[PDB]
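**Student:** This is the structure I want to talk about, given as structure tokens.
Numbering (PDB author numbering), first residue to last: 0, 25 to 66, 71 to 387.
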């Protein structure tokens, strides 16, 4: 069943009301910070919209809600509001064409290979739900751009930022593997399955820590590995492993997924909760946890181990009941320890997908 769809529905309507701009976009935060700083870009005046990354969480949420409920309300929100808003980021001037990080009416802005993977993944899922030709075409066109980010440097792998090609990242290779499997299922073209297998093998060899089965962040062109461990990176390799096991029957992919998942739960579900210090909470930001939930939920369907999905769903519901602000919005920390007066769009948009995905 879908016990928390009412919560996900409430967040969607509240975010749309509070964050909407007159030109059909969404602000970076609520309330707006006049001195807004953006710390997540590679390496001007006032901001008038959000960047692509937080905006994209609205598409994952709306698609998840349409999948969970079948309610045309969510199809209408995507067709009339979210997808026309997303088009304001489409840069067809620099090639291959893709969605750039900030609206095109504000000039040229950085283009990220990974931003385009998350959108291509939602286009795959939304095409499966509607059969509208345009969505499959967008997903195939986006894949071509994503793979224009691949090179033989370091034996393979995809870059992160098209304008600053300095390293090959787990965040640009692990969801790329998931994307390949999804495109193989929709088109039956073996080229997608072969590239998914090759991208997975490259990432496992160079970016998986052999001591704990957790994924490192990236490897630069000089061969230096950045060993920072984030929940979404291990989470996408769990989902990639499960999907590749479903496609090949090769148990090594399942075994990888189970080892990374056990190591992930032990390492990330380690932060003391504010209200009840005896409860362990996922330490990473809200959106990284929602991406990890895709991997845990995928594995649970195979092995029926509910440990990881139950514990994270409990963490999110606890935060929902206790740490919302006056505007009914949440910050990035589900342990409730960090006060954020200006609530990031993504910290709330990601909850629409999460509460739509909890099945209990």
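For each residue, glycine too, the CB sits at the ideal point set by N, CA and C.
Sort 330, 237, 150 by Cα distance to residue 91 and report the nearest one.
**Tutor:** The residue with the shortest Cα to Cα distance from residue 91 is 150.
**Student:** In its own chain, which residues sit with a C-beta less than 8 Å from the C-beta of residue 373, not counting the 5 before and 5 after it?
**Tutor:** If we look at residue 373 and ignore the five residues flanking it on each side, its Cβ neighbours are 80, 81, 84, 313, 314.
**Student:** Whole angstroms are fine: how far does the CA of residue 337 sit from the CA of residue 257?
**Tutor:** Cα to Cα, the separation comes out at about 20 Å.
**Student:** How about the segment 329–348 and the segment 46–61: do they share at least three Cβ pairs that are nearer than 8 Å?
**Tutor:** The segment 329–348, when compared against the segment 46–61, does not touch it at the 8 Å Cβ threshold.
**Student:** Round the Cβ separation of residue 97 and residue 47 to the nearest angstrom and send it over; I've been treating them as touching at under 8 Å.
**Tutor:** Rounded, the Cβ-Cβ distance is 26 Å, inconsistent with contact.
**Student:** Beta-carbon within less than 6 Å of residue 109's beta-carbon, same chain only, minus the 5 sequence neighbours each way: which residues are those?
**Tutor:** 85, 86, 89.
**Student:** Residues in its own chain within less than 7 Å of residue 356 by CB, not counting five upstream and five downstream?
**Tutor:** Answer for residue 356: 53, 370, 375, listed in chain order.
**Student:** Using 7 Å as the limit for Cβ to Cβ distance, is residue 130 near chain D?
**Tutor:** Here there is only one protein chain, and chain D is not present.
**Student:** Would residue 263 and residue 304 be called neighbours here (beta carbons separated by less than 7 Å)?
**Tutor:** Taking 7 Å as the Cβ cut-off, residue 263 and residue 304 do not qualify as a contacting pair.
**Student:** Note down, in chain order, each residue of its chain lying with its Cβ closer than 8 Å to the Cβ of residue 128, except the 5 sequence neighbours on either side.
**Tutor:** If we look at residue 128 and ignore the five residues flanking it on each side, its Cβ neighbours are 64, 78, 79, 80, 116, 136, 137, 138, 139, 142.
**Student:** Which residue spans inside the segment 173–250 form an unbroken alpha helix (DSSP H) run of at least 4?
**Tutor:** Taking only runs of at least 4 residues, the alpha helix (DSSP H) segments lying wholly in the segment 173–250 are 197–214, 217–234.
**Student:** Quick check: the Cα distance between residue 39 and residue 351, rounded to an integer number of angstroms?
**Tutor:** If I take the Cα positions, the gap works out to 17 Å.
**Student:** Between which two residues does the beta strand (DSSP E) holding residue 309 run?
**Tutor:** From DSSP, the beta strand (DSSP E) with residue 309 extends over 307–309.
**Student:** Identify, in the order they occur along the chain, each residue of the same chain with its Cβ nearer than 8 Å to the Cβ of residue 68, setting aside the five sequence neighbours on each side.
**Tutor:** Missing here is residue 68: after 66, the next number in the chain is 71.
**Student:** Does DSSP put residue 52 in a helix, in a strand, or in coil?
**Tutor:** Residue 52: strand per DSSP, three-state reduction.
**Student:** Have a look at 266, 323, 349, 186 and flag the residue whose alpha-carbon is nearest the alpha-carbon of residue 301.
**Tutor:** When only C-alpha atoms are compared, the closest one is 349.
**Student:** Have a look at residue 379 and residue 32 and give me their C-alpha separation to the nearest angstrom.
**Tutor:** So the alpha carbons of these two residues sit roughly 7 Å apart.
**Student:** Consult DSSP for residue 279 and reduce its assignment to one of helix, strand or coil.
**Tutor:** Here residue 279 sits in helix by DSSP.
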